[PDB]
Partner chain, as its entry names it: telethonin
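In structure tokens, the next block holds one chain alone, the form deposited without its partner chain.
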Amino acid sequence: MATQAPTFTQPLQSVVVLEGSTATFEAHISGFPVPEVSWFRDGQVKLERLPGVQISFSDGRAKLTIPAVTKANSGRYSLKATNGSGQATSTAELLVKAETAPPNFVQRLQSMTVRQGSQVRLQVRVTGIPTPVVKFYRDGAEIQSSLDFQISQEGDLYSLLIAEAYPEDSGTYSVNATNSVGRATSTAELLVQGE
């Protein structure tokens, strides 16, 4: 209701972002009348002139997102909010790193002896940048995920859940994790006893 120069309630913060991911910047702006906002890269380059960006603004929340980020997106990013009483600027740097790491089993496949009808969970925890591809095998054959053999991922934790184990399920289970910079394999034996 009373006039007041623009200000950033939440400013931009510099961030390091992994190659290929989506970088996002968000700010909260106040001011009356409602400030007009413009995004810039490297000082003088109007951001809406560069391809592959999404800029939105509503109710004093300004958001810039850059999907599929690459090293060419690194630079200094600025948000300018302006009305008749003044003009405010928030600036942050975006640095895009590769940061590659080959696949690593922080939790290895674990050998197990269970009884028939038991439910058995075969878990690994796998790190890696780019995120590795994780596949489960029994005796060298890839396991197709089904309701009885259910492969799932939660974070870096990958689980094969055998709904009810029978002797026919015994064998050497293995997990392969591969990304663009390395490979890793964990093997284990599963034995399920009969009658």
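Numbering follows the first chain given and starts at 1.
In what follows, reference is made to the form deposited with its partner chain bound, a form of this protein that is not presented.
Contact check for residue 91: a non-hydrogen atom falls within 4.5 Å of its partner chain in the deposited bound form. Within this chain, residue 97 lines the site of its partner chain in the deposited bound form, having a heavy atom no more than 4.5 Å away.
When contacts are judged by a 4.5 Å heavy atom cut-off, residue 84 counts as touching its partner chain in the deposited bound form.
Remark: residue 111 counts among the residues lining its partner chain in the deposited bound form, judged by a heavy atom distance of 4.5 Å or less.
With contact defined as any non-hydrogen atom lying within 4.5 angstroms of its partner chain in the deposited bound form, the contacting residues in 175 to 195 are 180, 181, 182, 183, 184, 185, 186, 187, 188, 189, given in sequence order.
Two rigid parts of the chain turn against one another between this form and the one not shown, and the hinge residue out of 32, 98, 67, 123 is 98.
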